[PDB]
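Trainee: One structure, as structure tokens, below. Some questions next.
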Amino acid sequence: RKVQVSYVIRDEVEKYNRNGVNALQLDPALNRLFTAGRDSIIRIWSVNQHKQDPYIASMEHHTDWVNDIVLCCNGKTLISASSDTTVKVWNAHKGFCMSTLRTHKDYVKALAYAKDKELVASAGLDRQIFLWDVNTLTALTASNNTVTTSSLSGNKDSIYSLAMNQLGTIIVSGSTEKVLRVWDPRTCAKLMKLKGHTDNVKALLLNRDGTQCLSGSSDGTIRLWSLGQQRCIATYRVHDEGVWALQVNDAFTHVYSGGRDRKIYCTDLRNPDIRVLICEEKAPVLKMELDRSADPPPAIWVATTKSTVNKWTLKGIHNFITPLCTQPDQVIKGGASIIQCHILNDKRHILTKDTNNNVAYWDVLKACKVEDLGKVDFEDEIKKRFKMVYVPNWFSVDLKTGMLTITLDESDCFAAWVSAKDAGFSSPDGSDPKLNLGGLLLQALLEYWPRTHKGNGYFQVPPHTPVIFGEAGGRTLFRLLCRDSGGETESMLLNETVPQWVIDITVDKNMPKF
Amino acid sequence: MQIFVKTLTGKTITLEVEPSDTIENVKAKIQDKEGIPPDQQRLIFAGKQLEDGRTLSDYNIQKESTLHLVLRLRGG
Amino acid sequence: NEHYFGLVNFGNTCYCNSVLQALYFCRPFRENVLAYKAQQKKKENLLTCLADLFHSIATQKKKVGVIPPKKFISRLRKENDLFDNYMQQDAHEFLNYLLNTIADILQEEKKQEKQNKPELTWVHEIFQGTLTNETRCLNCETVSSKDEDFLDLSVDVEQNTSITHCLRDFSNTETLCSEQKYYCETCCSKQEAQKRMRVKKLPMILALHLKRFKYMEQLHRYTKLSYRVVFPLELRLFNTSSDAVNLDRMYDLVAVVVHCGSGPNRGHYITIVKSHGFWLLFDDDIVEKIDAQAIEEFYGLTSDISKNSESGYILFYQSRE
Ligand SMILES: [Zn+2]
């Protein structure tokens, strides 16, 4: 497959989430919160409340959305699943990536964990489930590992949810196939199919024994299934829209639910008529995590489309549709996500509208924000900043992370030649030559690579710029900061990943013909 | 902008077009995914077989538009 | 007062003759054309030639005969260099050209009276319909509807099926996944989606085009699909729309444009039309009656044992007036 160079216009440290959180994780041992963001960055927060700055650090390695995060090995070790088709093994205490399991062939949507067996499951859109031993993934000893992958077979459609009981004797998958498939993870053999749902299962929950299962579908129904009976024992219709997130009390007699309708409800499973409304969020609920410090749970952490993570106090359920909450007690801040983007007639500048309706002017080539225009009309501004020039397209933009990501592809990268004077690069008193924008940039990106030795000789790209090399399909090859190209190990990596089309103009410096 | 093409088997494929893109250039993008040479392709939209010279903007083809890919059946 | 007339083939012009036959047996079209003839603009365009031709057929002394459509064909060659040749062409391509060409003539005529928001021509009143493409992003679950007009429907075809089943899966919810992921504007990423095309507004005449071709990506050539694909004499079509009013229109097979030949690069086009209860076949100049059972039973093909496989290509379904 063909390789594409990509970079991200952002600041070295992106402290706050910039696209909403797909999954949450709470460490009871250290009172820490893990937020798997759609900005491809996992972050650590302190939940002691009485801390002005809750931010601890951020785990940056992923390239697309982090869909799920499983925290294991009694304290810290984090397993992540992402739309970047990989599963990453992290030492959660220090916050660094150990291994990248490149076994999935599509977006890895969900992870499942069985504490009593140090077993972790992974599933995604590629209709395949893989079982992993955490103690094997974390082991550094390498004693005749002969690392053979273990997979479950059955799924006829893209998997959106996974769940495993604490003992690791039951595993259930949720997909667009509507029906939920079950296996014995220990023996890998099939168990049952559970027909009942008229839509997608995005939320799956199991008790300790695994004798019963809770499911939240996009059809709006919560279902309690009896595994020993192989049938649905209770159907709960609470939300007006689909249900995406689920959380249960230690007993397994109350279900905490959230969906597209932004409402969060704790419903008594035993008798559904006793349904309590926690609150209504400002964005649809993606995933939830309970404060399991005491029974009943005293708080609940809510992840939504919005980059701000809220903690709502449950304390009042025993005393108390009017909600129990109006304002959260603890709030993790969130930065703006670029929702709209326009490339102007000069293929150098970009206009963007963030979630806060602020409009910004950007320089693609010099990889930076040139101006802040504030809360103005974006549509009118595009028309107001019209340029009477023809420059062919040479780059791609993607706001999947909420941050600006530019993609240089072989097919059109060297398509745009502009005059040095017309490009702003005033050179007195040398006549303005025709410069190839793509080339000039590629040079500025791999400026610190010894193989290329100085730079483009006109402008400089911020030295903290993430420079990613990956296949058009999805698989990333290598990732590094612009300034890190100089290091031995990085320079070696560049030599094994940088494609020939890039090498032709960066090292060989054979500038294309008009 | 992304438009759809209903292939010869009914399978829908996505295309990453621009309104400025010519009909012959749309065909080339289809060739990459399907393998069909443009000379052999025929695209129907809004009951109109799209002319090679024209662009998508001309035919008012916007995001989410479904082009119907079809071939010839020469007869005398 | 019925006129069953053949049409002379002037060197691989069957693709053209066969469409004219089918169009002549679509009474709203024929009546409309004949009416256009009457005004007599007298400026030679493809529409005037068509009307002059349809007029000869309609106002002939004998009920059965043969007409050389030289005049029309001359204009078709003058008006289109891709048809200005003795090469064999596609009937559907001709139909599309002819219908849009004569709609565009009318679109101009409609505008020239206003001279001394858009308007729909009588070509559209007869063959136009409207679809609604709904696209549900599977991540945010926001549904995006989009209306798109149609003059005919190019249906996919499967081995040992019916025109109804093909119409059924044409309107079925397909999943956009893997390499075909949908770009969701609210998600700002590519996500799996459900795509469904349902009928919003029914055409007075449903023109069905069967995608009877298979491309061989490796062999670098395409084949003709001569599958047994059955077509009913009647079609039940129901309406989606506003849901304030609902339509359950019953259609009737008026004409079938059929392509004879084992391959897609060469062949012969004929038309079978239903006129006054009984069916009749038009092979250029030759016009002969055919028994109802011998119609559908010969337009498919079982296994391979059927010489130069005659297959149904364009189907004309007329509303019950
Ligand atoms: Zn979406």
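Ligands are numbered from 1 in the order shown, residues from 1 within each chain, and chains are lettered A, B, ... in the order they appear in the structure tokens.
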Once you count only C-alpha atoms and all ligand atoms, which residues end up within 9 Å of ligand 1, and could you hand them over as an NGL selection string?
Mentor: :C and (136-143 or 182-193)
Trainee: Let's have the selection written as a PDB file, in the first residue's frame, with N, CA and C atoms.
Mentor:
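So the final result, stored in result-v8.pdb, reads:
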ATOM      1  N   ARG C 136     -28.008   6.978   7.832  1.00  0.00           N
ATOM      2  CA  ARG C 136     -27.877   7.002   9.280  1.00  0.00           C
ATOM      3  C   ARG C 136     -26.451   6.690   9.666  1.00  0.00           C
ATOM      4  N   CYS C 137     -25.761   7.657  10.293  1.00  0.00           N
ATOM      5  CA  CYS C 137     -24.414   7.429  10.793  1.00  0.00           C
ATOM      6  C   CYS C 137     -24.582   6.539  12.039  1.00  0.00           C
ATOM      7  N   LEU C 138     -23.886   5.399  12.072  1.00  0.00           N
ATOM      8  CA  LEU C 138     -24.008   4.423  13.161  1.00  0.00           C
ATOM      9  C   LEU C 138     -23.319   4.844  14.458  1.00  0.00           C
ATOM     10  N   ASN C 139     -22.563   5.953  14.456  1.00  0.00           N
ATOM     11  CA  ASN C 139     -21.903   6.403  15.677  1.00  0.00           C
ATOM     12  C   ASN C 139     -22.722   7.451  16.430  1.00  0.00           C
ATOM     13  N   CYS C 140     -23.250   8.459  15.702  1.00  0.00           N
ATOM     14  CA  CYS C 140     -24.028   9.532  16.327  1.00  0.00           C
ATOM     15  C   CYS C 140     -25.508   9.296  16.165  1.00  0.00           C
ATOM     16  N   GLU C 141     -25.853   8.400  15.231  1.00  0.00           N
ATOM     17  CA  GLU C 141     -27.221   8.002  14.933  1.00  0.00           C
ATOM     18  C   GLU C 141     -28.072   9.153  14.373  1.00  0.00           C
ATOM     19  N   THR C 142     -27.428  10.196  13.792  1.00  0.00           N
ATOM     20  CA  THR C 142     -28.156  11.296  13.150  1.00  0.00           C
ATOM     21  C   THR C 142     -28.490  10.822  11.723  1.00  0.00           C
ATOM     22  N   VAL C 143     -29.775  10.933  11.302  1.00  0.00           N
ATOM     23  CA  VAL C 143     -30.198  10.478   9.963  1.00  0.00           C
ATOM     24  C   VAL C 143     -30.221  11.656   8.946  1.00  0.00           C
ATOM     25  N   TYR C 182     -18.953   6.069   5.645  1.00  0.00           N
ATOM     26  CA  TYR C 182     -19.598   7.344   5.366  1.00  0.00           C
ATOM     27  C   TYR C 182     -18.850   8.483   6.075  1.00  0.00           C
ATOM     28  N   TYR C 183     -18.691   9.665   5.440  1.00  0.00           N
ATOM     29  CA  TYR C 183     -18.077  10.765   6.178  1.00  0.00           C
ATOM     30  C   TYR C 183     -19.203  11.521   6.870  1.00  0.00           C
ATOM     31  N   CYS C 184     -19.291  11.372   8.219  1.00  0.00           N
ATOM     32  CA  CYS C 184     -20.307  12.039   9.023  1.00  0.00           C
ATOM     33  C   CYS C 184     -19.797  13.379   9.431  1.00  0.00           C
ATOM     34  N   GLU C 185     -20.535  14.425   9.040  1.00  0.00           N
ATOM     35  CA  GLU C 185     -20.209  15.813   9.343  1.00  0.00           C
ATOM     36  C   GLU C 185     -20.263  16.137  10.844  1.00  0.00           C
ATOM     37  N   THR C 186     -21.191  15.515  11.599  1.00  0.00           N
ATOM     38  CA  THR C 186     -21.293  15.792  13.033  1.00  0.00           C
ATOM     39  C   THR C 186     -20.191  15.045  13.793  1.00  0.00           C
ATOM     40  N   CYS C 187     -19.790  13.856  13.278  1.00  0.00           N
ATOM     41  CA  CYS C 187     -18.731  13.042  13.880  1.00  0.00           C
ATOM     42  C   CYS C 187     -17.363  13.519  13.445  1.00  0.00           C
ATOM     43  N   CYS C 188     -17.305  14.230  12.289  1.00  0.00           N
ATOM     44  CA  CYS C 188     -16.099  14.769  11.652  1.00  0.00           C
ATOM     45  C   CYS C 188     -15.108  13.655  11.279  1.00  0.00           C
ATOM     46  N   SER C 189     -15.613  12.419  11.203  1.00  0.00           N
ATOM     47  CA  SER C 189     -14.822  11.260  10.822  1.00  0.00           C
ATOM     48  C   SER C 189     -15.633  10.325   9.912  1.00  0.00           C
ATOM     49  N   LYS C 190     -14.963   9.273   9.389  1.00  0.00           N
ATOM     50  CA  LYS C 190     -15.601   8.245   8.574  1.00  0.00           C
ATOM     51  C   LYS C 190     -16.155   7.146   9.502  1.00  0.00           C
ATOM     52  N   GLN C 191     -17.467   6.921   9.434  1.00  0.00           N
ATOM     53  CA  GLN C 191     -18.139   5.934  10.251  1.00  0.00           C
ATOM     54  C   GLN C 191     -19.034   5.024   9.449  1.00  0.00           C
ATOM     55  N   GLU C 192     -19.337   3.831  10.004  1.00  0.00           N
ATOM     56  CA  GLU C 192     -20.247   2.872   9.374  1.00  0.00           C
ATOM     57  C   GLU C 192     -21.648   3.491   9.316  1.00  0.00           C
ATOM     58  N   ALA C 193     -22.370   3.261   8.228  1.00  0.00           N
ATOM     59  CA  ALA C 193     -23.673   3.881   8.080  1.00  0.00           C
ATOM     60  C   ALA C 193     -24.687   2.995   7.385  1.00  0.00           C
TER      61      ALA C 193
END
Trainee: Could you make a table, as CSV, of the residues of segment 75-168 of chain C that have an atom within 12 Å of an atom of segment 32-44 of chain B, each with its nearest atom pair and distance in Å to one decimal, counting only C-alpha atoms, in chain and number order?
Mentor:
residue,atom,partner,partner_atom,distance
C:90,CA,B:42,CA,10.9
C:92,CA,B:42,CA,10.6
C:93,CA,B:42,CA,8.7
C:96,CA,B:44,CA,9.0
C:97,CA,B:44,CA,11.3
C:100,CA,B:44,CA,11.8
C:148,CA,B:44,CA,11.5
C:149,CA,B:44,CA,10.8
C:150,CA,B:44,CA,9.0
C:151,CA,B:44,CA,9.6
C:152,CA,B:44,CA,9.4
C:153,CA,B:44,CA,9.5
C:154,CA,B:44,CA,8.7
Trainee: Kindly export the residues of the current selection with N, CA, C and O atoms, as an mmCIF file, in the first residue's frame.
Mentor:
data_model
loop_
_atom_site.group_PDB
_atom_site.id
_atom_site.type_symbol
_atom_site.label_atom_id
_atom_site.label_comp_id
_atom_site.auth_asym_id
_atom_site.auth_seq_id
_atom_site.Cartn_x
_atom_site.Cartn_y
_atom_site.Cartn_z
ATOM 1 N N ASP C 90 -25.985 1.164 -27.344
ATOM 2 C CA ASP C 90 -26.841 0.780 -26.241
ATOM 3 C C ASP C 90 -28.221 1.490 -26.337
ATOM 4 O O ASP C 90 -28.289 2.720 -26.528
ATOM 5 N N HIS C 92 -30.532 1.871 -23.854
ATOM 6 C CA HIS C 92 -30.734 2.703 -22.662
ATOM 7 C C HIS C 92 -30.074 4.062 -22.840
ATOM 8 O O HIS C 92 -30.690 5.087 -22.515
ATOM 9 N N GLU C 93 -28.832 4.064 -23.415
ATOM 10 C CA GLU C 93 -28.057 5.273 -23.719
ATOM 11 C C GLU C 93 -28.867 6.122 -24.694
ATOM 12 O O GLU C 93 -29.057 7.316 -24.441
ATOM 13 N N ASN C 96 -32.100 7.523 -22.866
ATOM 14 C CA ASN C 96 -31.685 8.630 -22.005
ATOM 15 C C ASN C 96 -31.464 9.917 -22.796
ATOM 16 O O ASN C 96 -32.042 10.954 -22.436
ATOM 17 N N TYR C 97 -30.652 9.831 -23.895
ATOM 18 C CA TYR C 97 -30.386 10.947 -24.801
ATOM 19 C C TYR C 97 -31.739 11.487 -25.305
ATOM 20 O O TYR C 97 -32.109 12.594 -24.945
ATOM 21 N N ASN C 100 -34.016 13.132 -22.507
ATOM 22 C CA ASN C 100 -33.482 14.413 -22.046
ATOM 23 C C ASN C 100 -33.429 15.434 -23.174
ATOM 24 O O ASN C 100 -33.809 16.574 -22.957
ATOM 25 N N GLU C 148 -33.634 12.821 -4.571
ATOM 26 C CA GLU C 148 -32.952 12.780 -5.857
ATOM 27 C C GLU C 148 -33.963 12.276 -6.895
ATOM 28 O O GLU C 148 -34.611 11.255 -6.668
ATOM 29 N N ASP C 149 -34.157 13.024 -7.996
ATOM 30 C CA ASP C 149 -35.118 12.651 -9.051
ATOM 31 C C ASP C 149 -34.597 11.523 -9.929
ATOM 32 O O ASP C 149 -33.394 11.260 -9.958
ATOM 33 N N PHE C 150 -35.501 10.872 -10.667
ATOM 34 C CA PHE C 150 -35.133 9.804 -11.593
ATOM 35 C C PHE C 150 -36.062 9.747 -12.800
ATOM 36 O O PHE C 150 -37.237 10.105 -12.700
ATOM 37 N N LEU C 151 -35.527 9.292 -13.939
ATOM 38 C CA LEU C 151 -36.301 9.120 -15.161
ATOM 39 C C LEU C 151 -36.510 7.627 -15.435
ATOM 40 O O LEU C 151 -37.497 7.255 -16.059
ATOM 41 N N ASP C 152 -35.608 6.781 -14.931
ATOM 42 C CA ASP C 152 -35.668 5.327 -15.015
ATOM 43 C C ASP C 152 -34.993 4.801 -13.771
ATOM 44 O O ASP C 152 -34.439 5.607 -13.030
ATOM 45 N N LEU C 153 -35.021 3.482 -13.511
ATOM 46 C CA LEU C 153 -34.304 2.919 -12.365
ATOM 47 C C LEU C 153 -33.374 1.827 -12.835
ATOM 48 O O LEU C 153 -33.835 0.878 -13.481
ATOM 49 N N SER C 154 -32.057 1.975 -12.562
ATOM 50 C CA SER C 154 -31.096 0.952 -12.972
ATOM 51 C C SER C 154 -30.917 -0.039 -11.849
ATOM 52 O O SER C 154 -30.170 0.204 -10.901
#
Trainee: Pull out every residue of chain A sitting within 8 Å of chain C, counting only C-alpha atoms, and send them as JSON, numbers by chain.
Mentor: {"A": [106, 125, 260, 339, 398, 399, 400, 473]}
Trainee: Please produce an output containing C-alpha atoms for each residue in the selection, written as a PDB file, in the first residue's frame.
Mentor:
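What ended up in again.pdb:
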ATOM      1  CA  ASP A 106     -10.689  -2.179  11.270  1.00  0.00           C
ATOM      2  CA  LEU A 125     -15.696  -3.461  13.097  1.00  0.00           C
ATOM      3  CA  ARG A 260     -28.647   9.995  22.717  1.00  0.00           C
ATOM      4  CA  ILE A 339     -16.004  21.341  13.760  1.00  0.00           C
ATOM      5  CA  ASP A 398      -9.140  15.975   8.924  1.00  0.00           C
ATOM      6  CA  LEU A 399     -10.839  17.165  12.066  1.00  0.00           C
ATOM      7  CA  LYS A 400     -11.366  13.613  13.477  1.00  0.00           C
ATOM      8  CA  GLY A 473      -5.758   2.245   4.447  1.00  0.00           C
TER       9      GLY A 473
END
Trainee: Identify, on the basis of only C-alpha atoms, every residue whose closest approach to residue 19 of chain B does not exceed 8 Å; exclude the query and any residue fewer than 3 positions from it along the same chain; express the result as a list in words.
Mentor: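 In the requested format, the answer is residues 1, 55, 56, 57, 61 and 62 of chain B.
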Trainee: Write out as a ChimeraX atom specification which residues come within 12 Å of segment 37-51 of chain C when counting only C-alpha atoms, dropping same-chain ones fewer than 2 positions away.
Mentor: /C:16-17,19-21,23-24,29-35,53-59,69-80,97-106,109,123
